[PDB]
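Listed next as structure tokens is one chain, alone, in the form deposited in one PDB entry.
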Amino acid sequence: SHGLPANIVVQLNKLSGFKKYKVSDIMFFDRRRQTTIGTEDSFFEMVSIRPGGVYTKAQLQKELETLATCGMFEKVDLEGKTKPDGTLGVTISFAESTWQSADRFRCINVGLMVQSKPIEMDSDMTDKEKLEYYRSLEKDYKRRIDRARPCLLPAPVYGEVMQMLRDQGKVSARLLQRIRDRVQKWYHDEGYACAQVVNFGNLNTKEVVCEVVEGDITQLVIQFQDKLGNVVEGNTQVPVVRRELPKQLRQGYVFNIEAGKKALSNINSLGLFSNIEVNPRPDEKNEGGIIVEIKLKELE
């Protein structure tokens, strides 16, 4: 729905453009198995990018970042070949991370702390030096784990996730994919909308570390609108809205839609407003912090 190829069958890399490209077809390529992931494989849902969709340069970059930082691949690339008209196809290739069996499933809360970036360092990097380098990493990761917070995930889900490990016997990307959904299902079902599994740690032997951000609230925005939606100032009122927010909707708490509803129940009861919204949105830090946004249109 905008933009064009590099003319023509040349294969462009991820750096270009101020406009929204359209993608004719998506390919998901597995480097080690030398196969392609079918559109019905459901391992294809690792990709949020669908054919015929429109995405800016910034959006395709977040996709590559999400695939790279999740821990299921030690190499994952995103390339594209410009197609004659008027779109370009993309190829997401990858190499599954190297895994063993796992008898322990650990969940650590990385909300508000620094995210794991793949950060692959220099190769060769000699024999005895590389062997020390892994020990360097792992000692850092044990530091990161104990640095981290408890998660909210209740035991039975650990019980289920553990079984799936015993059932496969060896960790693959396909299994982590199921685990991430099962863990994420629980958070969302219980009302935590902004919770996500941001990574899978392999650095501890026979142990899967699941890093989640539960959606910690870092910010509160009260925005008055009218009429048809432009922002306007609410002067002397703004404190009277804040008292109607529950304790769990303020900063230092995990966002749950239950608190948004009670906030909505509270603010409604004042009888001052025609239109009221409570929506979370990610703040600019990308560490999992949440902005609580409240949109209001007055009566008078």
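For clarity, a rigid core is taken as the largest C-alpha set superposing within 1.5 Å between two forms. Residue numbers here begin at 1 and follow the sequence given.
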Inset, instruction - Identify the stretch, either 66 to 74 or 53 to 61, whose C-alpha atoms have the larger mean B-factor according to the entry. - result: 53 to 61
Legend entry - 148 to 156 versus 88 to 96 - which carries the larger mean C-alpha B factor in the record: 88 to 96
Legend entry - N275, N268, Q248, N235, ranked by C-alpha B-factor: the highest one: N235
Legend entry - Residue with highest C-alpha B-factor in the PDB entry, from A259, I37, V254, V240: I37
Legend entry - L4, C-alpha B-factor rank within chain (lowest, middle or highest third): highest
Inset, instruction - Report the third (lowest, middle or highest) to which the CA temperature factor of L165 belongs, ranking only the modelled residues of the same chain. - result: middle
Inset, instruction - Within this chain's modelled residues, let me know which third the CA B factor of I119 belongs to: lowest, middle or highest. - result: highest
Legend entry - Where the record places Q225 (Cα B-factor, split into thirds across the chain): middle
Inset, instruction - Classify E214 as lowest, middle or highest third according to the C-alpha B-factor given in the PDB entry, relative to its own chain. - result: lowest
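A second form of this protein, the form deposited in another entry, is not displayed here; the remarks below concern that form.
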Legend entry - Of the candidates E74, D226, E160, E79, the only Cα that travels 2 Å or more between the shown form and the other one, given a rigid-core fit: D226
